[PDB]
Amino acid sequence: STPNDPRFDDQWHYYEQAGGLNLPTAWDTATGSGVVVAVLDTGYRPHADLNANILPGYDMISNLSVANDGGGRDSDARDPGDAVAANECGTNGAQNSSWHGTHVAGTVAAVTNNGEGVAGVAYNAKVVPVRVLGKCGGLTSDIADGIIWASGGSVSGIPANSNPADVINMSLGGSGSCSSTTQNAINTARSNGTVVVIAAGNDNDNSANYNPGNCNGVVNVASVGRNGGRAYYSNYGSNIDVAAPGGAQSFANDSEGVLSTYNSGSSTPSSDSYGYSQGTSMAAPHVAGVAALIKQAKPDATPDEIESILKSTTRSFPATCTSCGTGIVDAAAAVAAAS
């Protein structure tokens, strides 16, 4: 099926033969109904083309300066904006707000067939926003608590999650080895039945050396462009499980990117928008959305079974993708394999 959203045709990454996810055929069978995806990111804005698919979440950011919302941990996972001034994070230049989590969440589950905006990969799933990134990024320990809570595990001082996730998406990372705090959290999420999907990073380097994609028991995702070959920035290596479209842009908001829900604010939030972004951060929620399609078709699927289905049903690369996992995720084939 093809949705009626007016920007669907701009979302090449869902349907073109070279670099797309092969979604229309998948949507004949699965859309994510009944499945919950936790998006561990900067938070969200209640975009008109997203909010109906948002569930209550949690804000794990403990450092008040990073949190930028007046306090420590709290129940409102909305994104206040992560804009920074020059040298606020050390030696950085000034940066506008990313609205990264709004973009990622829309790839997972933008409201679809509403005649407005964009479509989402798992458009009948629901997203639990777990805010773990703010100004200058996020703390490993807050991210790890996010993983635990998102899965339905217990974190001291935090109310129980009433919407435990089937799938975690982490479009985030840094350099270096996977820490024990992170691996512990991942092990907890997997033991609770939650599959963990992670962006491999954007350093054009060996993915062995970038976390949390280098943790064990995760689905680590490389990025292809619209050509179906490796996006120039994508990490690559033996620990990549699969690839998905993350886009390959040559200027800001280039339509060669991945189009999703977004916000027009430079610092503070403003009007809803749609924007094209790129990264392994954009590839990961494609894969998280397919994991949700799989879980609708196979409700008792384990994390290892979901990873196996994703990896075993990929399609060929039409252009060079060295050490990009088994292939490009093929939503239709994955749903068939889970049915």
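Numbers follow the displayed sequence, beginning with 1.
For the pair 98 to 106 and 68 to 76, the mean Cα B-factor is higher in 68 to 76. 259 to 267 and 175 to 183 differ in mean CA B-factor, and the higher of the two is recorded for 175 to 183. Take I158, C215, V167, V132 and read off each C-alpha B-factor from the entry; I158 has the highest. In this entry, the residue among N206, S223, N239, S151 with the greatest C-alpha B factor is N206.
Ranked by Cα temperature factor within the chain, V219 sits in the lowest third according to the deposited record.
When the CA B factors of the chain's modelled residues are split into thirds, the value for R45 lands in the middle one.
Per the deposited record, the Cα B-factor of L23 falls in the middle third when ranked against the other modelled residues of its chain. For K298, the recorded CA B-factor ranks within the highest third of the chain. Only modelled residues enter the ranking.
Ranked against the other modelled residues of its chain, the C-alpha B-factor of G327 as given in the entry falls in the lowest third.
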